[PDB]
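*Asks:*
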Ligand SMILES: [Hg+2]
Ligand SMILES: [Hg+2]
Ligand SMILES: [Hg+2]
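In the authors' numbering, the protein residues as written are 1 to 29, 53 to 305, 311 to 729.
#1: Please classify residue 194: does DSSP put it in a helix, a strand, or coil?
#2: To the nearest angstrom, how far is the alpha carbon of residue 114 from that of residue 64?
#3: Can you give me the C-alpha to C-alpha distance between residue 126 and residue 489, rounded to a whole angstrom?
#4: I'd like to know whether the C-beta atoms of residue 220 and residue 242 end up nearer to each other than 9 Å.
#5: Within 8 Å, do at least three Cβ pairs link the stretch 231-247 to the stretch 187-198?
#6: For ligand 1, any of its heavy atoms closer than 8 Å to the Cβ of residue 731?
#7: Report the rounded CA-to-CA distance for residue 687 versus residue 121, giving the unit in angstroms.
#8: Can you tell me whether residue 678 is buried or exposed, with buried defined as 16 or more other CB within 10 angstroms of its CB?
#9: Enumerate in chain order the residues of its own chain whose CB-to-CB distance from residue 484 is below 8 Å, with the five nearest sequence positions on each side excluded.
#10: Starting from the C-beta of residue 255, find all residues in its chain whose C-beta is less than 8 Å away, skip the five residues before and the five after it, and write them out in chain order.
#11: So residue 223 and residue 270 are supposed to be a Cβ contact under 8 Å. How far apart are they, rounded?
#12: Can you list, in chain order, the residues of its chain whose CB lies under 6 Å from that of residue 374, leaving out five sequence neighbours each side?
#13: Identify, in the order they occur along the chain, each residue of the same chain with its Cβ nearer than 7 Å to the Cβ of residue 553, setting aside the five sequence neighbours on each side.
#14: To which residues of the same chain is residue 476 closer than 6 Å at the C-beta, ignoring the five residues directly before and after it?
#15: Cβ of residue 617 versus every heavy atom of ligand 3: is any distance shorter than 8 Å?
#16: What is the rounded straight-line gap between the Cα of residue 699 and the Cα of residue 692?
#17: Give every residue whose Cβ lies closer than 6 Å to any heavy atom of ligand 2, listed in chain order.
#18: Give me every residue whose Cβ sits closer than 7 Å to any heavy atom of ligand 1, in chain order.
#19: Once the 5 residues before and after residue 522 are set aside, which same chain residues still bring their CB inside 7 Å of it?
#20: Taking C-beta to C-beta, are residue 171 and residue 149 nearer than 9 Å?
#21: What are the partner residues of residue 83, as DSSP defines its beta bridges?
#22: Give the single residue among 725, 593 and 557 whose Cα lies nearest to the Cα of residue 715.
#23: Report whether the distance from the Cβ of residue 668 to the nearest heavy atom of ligand 3 is below 8 Å.
#24: Between the alpha carbons of residue 307 and residue 300, how many angstroms are there, rounded?
#25: In this structure, how does DSSP classify residue 669 when only helix, strand and coil are distinguished?
#26: Once the 5 residues before and after residue 371 are set aside, which same chain residues still bring their CB inside 7 Å of it?
#27: Using the C-alpha atoms, what's the distance from residue 355 back to residue 206?
#28: Given 8 Å as the limit, is there contact between the stretch 227-242 and the stretch 272-279, that is, 3 or more CB pairs closer than that?
#29: Could you check where the alpha helix (DSSP H) with residue 442 kicks off and where it finishes?
#30: Tell me the residue span of the beta strand (DSSP E) that contains residue 481.
#31: Quick check on the burial criterion: 16 or more other C-beta atoms within 10 angstroms. Buried or exposed for residue 105?
#32: Where does residue 497 fall in DSSP's three states?
#33: Are the beta-carbon atoms belonging to residue 442 and residue 432 less than 9 Å from one another?
#34: To the nearest angstrom, how far is it from the Cα of residue 694 to the Cα of residue 469?
#35: Under a three-way DSSP split, which group does residue 134 fall into?
#36: Below 8 Å on the Cβ atoms is my contact criterion, and I expect residue 83 with residue 66 to pass it. Report the Cβ-Cβ distance as a whole number of Å.
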């Protein structure tokens, strides 16, 4: 069911200061919208339009901390939020146009250099206010770029203004012919009506000439800018079952369509479930099929952004095109990928993904065995480390503001609050805003709170089993084997599992004397940890299911194919010339998910060995390989939550030729690099070469 997982990235996580030191504020005489644009230098720039549409913010995706974020203040809000705003890169510059509320037409010119410089000053004219047309009468609501000098304006009443640049700073309104207003001669529409309007809600420029548009009544009017004449006028709805009942005339500009080559998909309102996709050809738009959506619980999701593109590397080869869809329902999000098999838009499959990160799911479902327990300040370090300074401090802000102050060092009552706020602030910071296709195929989501992004990563085999235990109808032997192993381990409690994990570490550390026989240690672990701690009924279920497996074969594939990665004859992981903060955290978080998953599997398998009579001699190899993998897994997970920055540092300064970071462009490269870091973790030495190293480990582990 779910083929992608969520990796949350907070670009300032590794730092104490929850804000770059280099922040410049330009004034003219972001939690409502955010997106990422690629530039000439192959760098990614992020921008956020504040809630009030009065502030625009810029910062580099790959260097959020040391890089410069630029806050561009504005005289007043734009007319209609980010819809009356545009940002394209002309020639070595970020050209920003923004029809303001008053009716002005601000023009921002930000030098590509300035964006990556150290400069806290800007020379010349980076902005030009202008009053082309009078918007006091016919108020506009949607600005649309087309070219450096030409771009249209969409009006609330339905009219399309033109806007041609003559010199390099002045714009003149080149009006298009419009007779759609004559429908007022009907007893069904009045020009003076607050309704009746059929304004554009989506628009896409095709072959630099045709301007495909979508009205609130889902009419696909196609404009030819060579004629400035309405060339087509299709009625998207008539084709599907004509429901007299109710058709939700789109009541707001949104992302209802996007086109790849000559294919075009459209989102029609039918319980919020229609994705029509025909093809343009010559100009002619021609139907193909209506693909419903698989949404339930009333179907209360709103489209956030959709992106039609070249296929991906999903679990089904039968692919032609891919539609990445981002829905939202409050601060909760949903990302899916519509995979169309053949050129006939009639055979397709809906691919879903996990919408909470593993770190989030483990916290929610009390599935975390690694994080140290105890003290109240211990729980403070845990959260602070877990959330990052930007969020932690924002939560301690909301606490005092609400008069929730820490009584004493051990005010557990307090910490209990922090938990919930942190969780909520994160959820808030994480509200979905748009999609950015990082590289060639990396699905990325940009959040409401600046410096927070979410990468949706294609799952590896093992990950898929993990994320689909309660679903895979079919699945391989190993899948079925792991599932039944989980079936039993899930019935135990955290305190029991932790006590067991600790015992496995003692075998490696020696607290469980090397003098003992394997059977003796497993005996010790059982009596001290498992006895009287589980339902004998469940052991039977486990014992039974286990007998249907060729255990040796299965464990061999798990331990020698799935878990233990492979040797590298350097399989190209673009060596980064400069520190890439984005991929850094994306890599560390990904590495942490994979090892966490490995850790649960490993523990579960080890568990069966201390419960049943498996020849400690036959499986002697496997048992010691698992105990060794478990130890490394634990340690790594332990260092991850003890100090993310330091870990990333020692972990990236471990690889020689990749001492600065990496640059991955597709999912394969990404997965490869992660699997790569995994090897560094499984091949690392864990022998303490002196009392110094032993102290270190004892003190930390
Ligand atoms: Hg799957
Ligand atoms: Hg997000
Ligand atoms: Hg770091």
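C-beta atoms are modelled at their ideal positions from N, C-alpha and C, and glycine is treated no differently.
*Replies:* Result, derived from the coordinates:
#1: Against the chain shown, residue 194 aligns to sequence position 171. It is a strand residue.
#2: One-based indexing of the chain shown puts residue 114 at position 91. One-based indexing of the chain shown puts residue 64 at position 41. Near 12 Å, if we compare the C-alpha coordinates of residue 64 and residue 114.
#3: Taking the chain shown and counting its residues from 1, one reaches residue 126 at position 103. Taking the chain shown and counting its residues from 1, one reaches residue 489 at position 461. Approximately 55 Å between the Cα atoms of the pair.
#4: For this step, residue 220 is matched to residue 197 along the chain shown. For this step, residue 242 is matched to residue 219 along the chain shown. Contact: no.
#5: no
#6: Since the first and last residues shown for the chain are 1 and 729, residue 731 lies out of range.
#7: Counting from one through the chain shown, the residue named residue 687 turns up at place 659. Counting from one through the chain shown, the residue named residue 121 turns up at place 98. Near 43 Å, if we compare the C-alpha coordinates of residue 121 and residue 687.
#8: Residue 678 sits at position 650 when you count from the first residue of the chain shown. Residue 678 comes out exposed.
#9: On the chain shown, position 456 is the one that residue 484 refers to. 4, 5, 6, 7, 363, 381, 471, 472 and 473, listed in sequence order.
#10: Locating residue 255 in the chain shown gives position 232, where the first residue counts as 1. Excluding sequence neighbours, residue 255 sits near 243, 244, 245, 311, 312 and 313.
#11: One-based indexing of the chain shown puts residue 223 at position 200. One-based indexing of the chain shown puts residue 270 at position 247. With 8 Å as the limit, residue 223 and residue 270 do not qualify as a contact, their Cβ atoms being about 17 Å apart.
#12: What you label residue 374 is simply residue 346 of the chain shown in a count that begins at 1. 317.
#13: Within the chain shown, the letter at position 525 stands for residue 553. Here the set comprises 528, 531 and 638.
#14: Reading the chain shown from its first residue, position 448 is the one you call residue 476. Correct list, in chain order: 54, 459 and 461.
#15: What you label residue 617 is simply residue 589 of the chain shown in a count that begins at 1. No - ligand 3 has no heavy atom lying nearer than 8 Å to the Cβ of residue 617.
#16: By 1-based counting over the chain shown, the position of residue 699 is 671. By 1-based counting over the chain shown, the position of residue 692 is 664. Rounded to whole angstroms, residue 699 to residue 692 spans 9 Å at the Cα level.
#17: Those residues are 458, 460, 473, 475 and 482, given in chain order.
#18: 1, 2, 3, 343, 492 and 496
#19: Here residue 522 corresponds to residue number 494 of the chain shown, with the count starting at 1. Here the set comprises 394 and 397.
#20: Against the chain shown, residue 171 aligns to sequence position 148. Against the chain shown, residue 149 aligns to sequence position 126. Not a contact, by the Cβ cut-off of 9 Å.
#21: Reading the chain shown from its first residue, position 60 is the one you call residue 83. DSSP output for residue 83 lists 68 as bridge partner(s).
#22: Against the chain shown, residue 715 aligns to sequence position 687. Residue 715 has its Cα closest to that of 725, out of 725, 593 and 557.
#23: To locate residue 668, count along the chain shown from 1; it is residue 640. Set against 8 Å, the gap from the CB of residue 668 to the closest heavy atom of ligand 3 is not smaller.
#24: Any question about the placement of residue 307 has no answer from these coordinates, since the chain jumps from 305 to 311.
#25: In the chain shown, the residue the question calls residue 669 occupies position 641. In this structure, residue 669 counts as helix in the three-state DSSP scheme.
#26: Working through the chain shown from its first residue, we reach residue 371 at position 343. Counting only Cβ-Cβ distances below 7 Å, and skipping sequence neighbours, we find 348.
#27: Within the chain shown, residue 206 is the residue found at index 183, counting from 1. Within the chain shown, residue 355 is the residue found at index 327, counting from 1. Looking at the two C-alpha atoms, the distance is approximately 35 Å.
#28: yes
#29: Position 414 of the chain shown, counted from the first residue, corresponds to residue 442. Per DSSP, residue 442 belongs to the alpha helix (DSSP H) from 440-457.
#30: As a working note, residue 481 is residue 453 in the chain shown. From DSSP, the beta strand (DSSP E) with residue 481 extends over 480-486.
#31: As a first step, residue 105 must be located in the chain shown, where it is residue number 82. It is buried - the Cβ of residue 105 has at least 16 other Cβ atoms within 10 Å.
#32: As a working mapping, residue 497 is identified with position 469 in the chain shown. Residue state for residue 497 is assigned as coil, using DSSP reduced to three classes.
#33: Along the chain shown, one-based indexing puts residue 442 at 414. Along the chain shown, one-based indexing puts residue 432 at 404. Yes, the pair counts as a contact, with Cβ atoms nearer than the cut-off.
#34: In the chain shown, residue 694 corresponds to position 666, counting from 1. In the chain shown, residue 469 corresponds to position 441, counting from 1. Their backbone Cα atoms lie some 6 Å apart in a straight line.
#35: By one-based count along the chain shown, residue 134 stands at place 111. Correct three-state label for residue 134: strand.
#36: Here residue 83 corresponds to residue number 60 of the chain shown, with the count starting at 1. Here residue 66 corresponds to residue number 43 of the chain shown, with the count starting at 1. So it is a contact: roughly 6 Å between Cβ atoms.
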